[PDB]
């Protein structure tokens, strides 16, 4: 179970992309919904196509989730959820 907050968690991402390019791409797509504070691509033992996007306002996160839910991104559909704990 989750509830809305500033951050959104995205998995099922193209792991063949460089971490740098993935950040710049996510910023260009999601910044349309509002102001972004930071994008976090954590380092894991294996590439698992995970990323976080932290907006300044929750409204930006709610609209970003609904809109890009399942929308293609680098030939793969995005699975988006809310973050467990606020950032």
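Numbering follows the first chain given and starts at 1.
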Among the modelled residues of this chain, does the Cα B factor of residue 29 put it in the lowest, middle or highest third?
highest
Lowest, middle or highest third of the chain for the C-alpha temperature factor of residue 48?
lowest
Going by the entry, which third of its chain does the Cα temperature factor of residue 15 land in?
highest
Residue 73: CA temperature factor from the record, placed by chain third, in the middle
Rank-wise, by C-alpha B-factor, drop residue 81 into the lowest, middle or highest third of its chain.
middle
